[PDB]
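Contents: one structure, followed by commentary.
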There are 2 protein chains.
Amino acid sequence: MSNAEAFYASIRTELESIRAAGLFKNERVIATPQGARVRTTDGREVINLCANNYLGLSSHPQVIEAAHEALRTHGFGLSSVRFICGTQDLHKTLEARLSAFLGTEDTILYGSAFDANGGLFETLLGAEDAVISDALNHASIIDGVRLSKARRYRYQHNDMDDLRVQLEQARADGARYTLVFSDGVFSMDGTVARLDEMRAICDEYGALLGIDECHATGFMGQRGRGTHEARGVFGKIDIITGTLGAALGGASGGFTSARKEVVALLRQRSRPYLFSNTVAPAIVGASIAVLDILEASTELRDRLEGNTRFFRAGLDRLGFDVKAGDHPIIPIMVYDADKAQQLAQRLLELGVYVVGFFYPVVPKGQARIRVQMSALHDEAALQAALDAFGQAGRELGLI
Amino acid sequence: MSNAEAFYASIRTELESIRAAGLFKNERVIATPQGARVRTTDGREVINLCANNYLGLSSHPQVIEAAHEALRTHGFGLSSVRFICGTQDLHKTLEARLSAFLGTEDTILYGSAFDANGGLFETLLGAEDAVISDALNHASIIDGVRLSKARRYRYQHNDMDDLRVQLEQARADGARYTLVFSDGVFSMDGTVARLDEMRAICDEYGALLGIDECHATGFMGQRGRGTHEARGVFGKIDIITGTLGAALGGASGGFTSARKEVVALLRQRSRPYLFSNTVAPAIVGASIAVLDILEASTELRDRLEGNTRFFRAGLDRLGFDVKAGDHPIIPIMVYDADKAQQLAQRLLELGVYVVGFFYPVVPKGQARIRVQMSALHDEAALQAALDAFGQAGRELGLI
Ligand SMILES: Cc1ncc(COP(=O)(O)O)c(CN[C@H](C(=O)O)[C@H](C)O)c1O
Ligand SMILES: Cc1ncc(COP(=O)(O)O)c(CN[C@H](C(=O)O)[C@H](C)O)c1O
């Protein structure tokens, strides 16, 4: 045996254990645009309830037309990081619209939220500083922290008391600056961070407050500005990282929004911004259209909140356990991974499209279906999906 | 004075000393599509010699039209990671076409090359393994390796004897599996990895060979297939990472190409792939067309080769320390950061667009201009370019 081929056997062994544990993930091949209804390459039309397309913007024809126009005026790719020849007028324009929307001085675009998190902490913090994370923070945040030299603290999920004991330890350990950082809305359970309480704890210790708004920007708060708007601390957030790939168009791209001098150091020093391609023109141009849509009317935001309130009461009525609260992320816990796989594949036979979350996406013993509400769902699709959730939801033992 | 405001003052202090050191980067706002000539918002139209638009596909009309049709048929955003509702028939087709193009059994798409490298090493290698890296490996590779638990060795730049020293040491230190990793073509100096020696050196020790092919894919090799074709190792590479935002369209996306079991484990566990948005339907669609163009004829990469040799031989006979060759990346060393901004500025006034390179993009005191060739350039621009370099080179003590 050569070491190389041996390595391929340990890879094949790992792939077979993952199957055996029922933890293997099967891709489904959609053949149409992203939509509240969608058809896979088998011709079966189904109702999509597991997309980050909260506002219906991923195939919105005005967003589509803005991409078409931005291709005619601004080309297909730039093939350059921002500082060489990758900055068009669109990137500056969008950065100003994002900053105004989010309530901040400035904004720096990234290829993804993953990279915005990836290049945030290492640029702003050093070995003498501390970051204190909610224990449920998105993987991209964990990896951004791991790439920094800062001292690390984690506090129990949404546990404000634990947040206080960590800031005490952090101060006891002699932290210089301290950044408290959390998902604005948590990906896997839909809970909303208590930014109002966390603003207060932070001011008391003198710590910065950052949030990751991938599941909030565009539809949280009455004006859809985000978790910080929904919790009364709009204009009082040190650092907003977020995505363009969810409620604001769903194509690609991300951002960090902060004061002008934080953003300025990120342009000078943040490794995904120096060493990774700029956002494509068509994506930036459509993103500007998305901010016009949302600053002219809260109709999509409001319609989304209605579909969630309808569909959450609906799942409550059937004896399903309504995790979290107002949010469009409805996590239907099943704990066992195999049941999650069964329920998802049985809902596909009943014409509903959701998928199973299990390790490593969610902790072991905590598998689930994440149902996601879009503003685009019609009553027929929703009342139909409730039936399909009812049948399978009894036909497999969930109640 | 509160802790938060002191942090912000620290950031402002840091910005200032970046300006004083001659290291502050200023973006140019381009009002036009990417191309051989470009116009900033000040109306000036200049010759672009600093893009990754190596093949001119960034604004190629058939590429722009394929993005249009992809918008029509497959929408604008998918707003999902791949394992949920983020997989369309396009992603599958392109993963196959790339595997065929690169010599591999399968491909996995990422949002960028930065994230392809980000999620490689941590998914394949453990604390008991090793990674041997060329000292000048790309920042994204260093960051991928940092995120894994593998032991890290470093060999001197392109030094085949030192590569053998690390391989010996790693075995002596008891490494289980070993992966030797390198830029195919190196970002800041244009040198080509000696893949042919490395594949033989790696074979003695049963090590894996992995290569980053951003500055290669599309135009290196006879049929433009990469640094591995140009070294006659095509079909014999364990891992290829690479981008679509350089020669292959310039918009977004990346990939890792490997034996079907590597790719399958990356799908199961690679953190960027599970946890970050899928590539946008327009980019995959235009990417499939780019491979249509490049697999139909070698003309574009063939005239990139001509533009490179003409321009390399030109700067040589002008007095520039520029070797004759066909490395589309032509480094112009300047060492001083201030002298690099001045050379870029003076070349701008003379009708040529290039940008200074300085710390942390290159080592302190090793500042440069990175001329970058493209298949787009006609001889009248190539010639007018040379004239700009002869003069500003004369004016600044460079020749
Ligand atoms: C070898 C290598 N790998 C990976 C990446 C990341 O590529 P992507 O844009 O995320 O797809 C780059 C980006 N190279 C830049 C550039 O040379 O212009 C940077 C200034 O080094 C690269 O050179
Ligand atoms: C809080 C947070 N930050 C960052 C990201 C990555 O953002 P981007 O796609 O790289 O722009 C996500 C993606 N959430 C995904 C999803 O929930 O479907 C994933 C399965 O966790 C997120 O929830």
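All of this is worked out from the model, or read from it or from the source named; no laboratory instrument gave them. Cβ sites come from the backbone with ideal geometry, for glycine too, and all protein chains shown count toward neighbours.
Here's a check for you: in the stretch B:352-365, which residue that is surrounded by 17 or more Cβ atoms within 10 Å (Cβ to Cβ) and in a loop (DSSP other than H, G, I, E, B) is nearest to ligand 2 (Cβ to nearest atom)?
B:361
Look at residue B:301 and say whether it is among the basic types (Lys, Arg), out of contact with any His (no Cβ under 6 Å at 6 or more places or on another chain) and closer than 23 Å to residue B:190 by Cβ.
yes
Looking at the structure I just gave you, is residue A:161 in the same structural domain as residue A:143 (by TED's automatic domain parsing), among the charged types (D, E, K, R) and crowded, with 24+ Cβ neighbours inside 10 Å?
No.
So, in the stretch A:268-277, of the ones that are more than 8 Å from ligand 1 (Cβ to nearest atom) and crowded, with 21+ Cβ neighbours inside 10 Å, which residue ends up nearest to residue A:255 (Cα to Cα)?
The residue in question is A:273.
Any residue at all in the stretch B:169-186 that is of a type outside the set (S, T, N, Q), within 16 Å of ligand 2 (Cβ to nearest atom) and either touching a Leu at 6+ places or on another chain (Cβ under 8 Å) or without any contact (Cβ under 8 Å) to a residue 12 or more places away in the chain (or both)?
The answer is no, given that none of the residues of the stretch B:169-186 is of a type outside the set (S, T, N, Q), within 16 Å of ligand 2 (Cβ to nearest atom) and either touching a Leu at 6+ places or on another chain (Cβ under 8 Å) or without any contact (Cβ under 8 Å) to a residue 12 or more places away in the chain (or both).
May I ask you to list the residues in the stretch A:98-122 that are at the interface with chain B (Cβ under 10 Å from one of its Cβ atoms) and away from ligand 1 (no atom under 16 Å from the Cβ)?
A:122
Look at residue A:198 and say whether it is more than 16 Å from ligand 1 (Cβ to nearest atom) and either under 30 Å from residue B:91 (Cβ atoms) or more than 21 Å from the chain's Cα centre (by Cα) (or both).
The answer is no for residue A:198.
State all residues of the stretch A:16-36 that are part of a helix (DSSP H, G or I) and either closer than 15 Å to residue B:75 by Cβ or not acidic (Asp, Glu) (or both); if no residue qualifies, say none.
Within the stretch A:16-36, A:17, A:18, A:19, A:20 qualify.
Name the residue, out of B:379, B:349, that is of a type in the set (D, E, K, R), surrounded by fewer than 19 Cβ atoms within 10 Å (Cβ to Cβ) and either touching a residue at least 12 places away in the same chain (Cβ under 8 Å) or in contact with a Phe, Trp or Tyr (Cβ under 6 Å, 6 or more places away or on another chain) (or both).
B:379
Scan the stretch B:143-153 for residues that are within 12 Å of chain A (Cβ to nearest Cβ) and surrounded by fewer than 17 Cβ atoms within 10 Å (Cβ to Cβ) and report the count.
Final tally of qualifying residues: 2.
Across the stretch A:154-212, what is the number of residues that are within 14 Å of chain B (Cβ to nearest Cβ) and of a type in the set (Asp, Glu)?
So the count comes out to 4.
Please tell me if residue B:378 is under 23 Å from residue B:216 (Cα atoms), charged (D, E, K, R) and in the same structural domain as residue B:50 (by TED's automatic domain parsing).
Yes; evaluated as a whole, the condition is true for this residue.
Filter the stretch A:40-53 down to the residues that are closer than 23 Å to residue A:330 by Cα and either touching an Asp or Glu at 6+ places or on another chain (Cβ under 7 Å) or facing chain B (nearest Cβ under 8 Å) (or both) and list them by number.
Hits for the stretch A:40-53 are A:48, A:50, A:51, A:52, A:53.
Select from the stretch A:314-346 the residues that are without any contact (Cβ under 8 Å) to a residue 24 or more places away in the chain and under 27 Å from residue A:248 (Cα atoms) and list them in ascending order.
The answer is A:322, and nothing else.
In the stretch A:321-335, what residues are surrounded by 15 or more Cβ atoms within 10 Å (Cβ to Cβ) and of a type outside the set (A, V, I, L, M, F, W, C)?
A:323, A:327, A:328, A:331
Just name the residue that is surrounded by the most Cβ atoms within 10 Å (Cβ to Cβ) out of those in the stretch B:1-42 that are more than 30 Å from residue A:176 (Cα to Cα) and of a type in the set (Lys, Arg).
The residue in question is B:28.
Within the stretch B:10-39, track down each residue that is more than 9 Å from chain A (Cβ to nearest Cβ) and either within 16 Å of ligand 1 (Cβ to nearest atom) or not acidic (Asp, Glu) (or both).
Listed by number, the residues that qualify are B:13, B:17, B:19, B:20, B:21, B:22, B:36, B:37, B:39.
Restricted to the stretch B:83-112, and to residues that are surrounded by 24 or more Cβ atoms within 10 Å (Cβ to Cβ) and either outside the structural domain of residue B:229 (by TED's automatic domain parsing) or free of Cβ contacts under 8 Å to residues at least 60 places away in the same chain (or both), which residue is nearest to ligand 2 (Cβ to nearest atom)?
Across the stretch B:83-112, the extreme among qualifying residues is B:84.
Within the stretch A:153-168, track down each residue that is within 16 Å of ligand 2 (Cβ to nearest atom) and in a strand (DSSP E or B).
Within the stretch A:153-168, A:154 is the sole residue that qualifies.
Looking at the stretch A:210-231, is at least one residue among the β-branched types (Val, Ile, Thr) and assigned to a loop (DSSP other than H, G, I, E, B)?
Within the stretch A:210-231 (the criterion being among the β-branched types (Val, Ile, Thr) and assigned to a loop (DSSP other than H, G, I, E, B)), the answer is yes, since at least one residue qualifies.
Exactly one condition in (1) within 12 Å of ligand 1 (Cβ to nearest atom); (2) not in a strand (DSSP E or B) is not met by residue B:182; state its number.
All conditions pass for residue B:182, except number (2).
Taking helices (runs of 4 or more DSSP H) that do not extend beyond the stretch B:113-152, which have at least 2 residues that are closer than 15 Å to residue B:276 by Cβ and touching a residue at least 60 places away in the same chain (Cβ under 8 Å)?
B:113-118, B:121-124
Name the residue, out of A:243, A:256, that is under 29 Å from residue A:35 (Cβ atoms) and away from ligand 1 (no atom under 16 Å from the Cβ).
Checking each option against the conditions leaves just A:243.
Search the stretch B:64-82 for residues that are more than 7 Å from every other protein chain (Cβ to nearest Cβ) and pair each with any residue that is part of a loop (DSSP other than H, G, I, E, B) and not small (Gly, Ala, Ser) when their beta-carbon atoms are under 8 Å apart and the residues are at least 6 apart or on different chains.
Hits for this filter: B:73/A:33; B:81/B:277; B:81/B:278.
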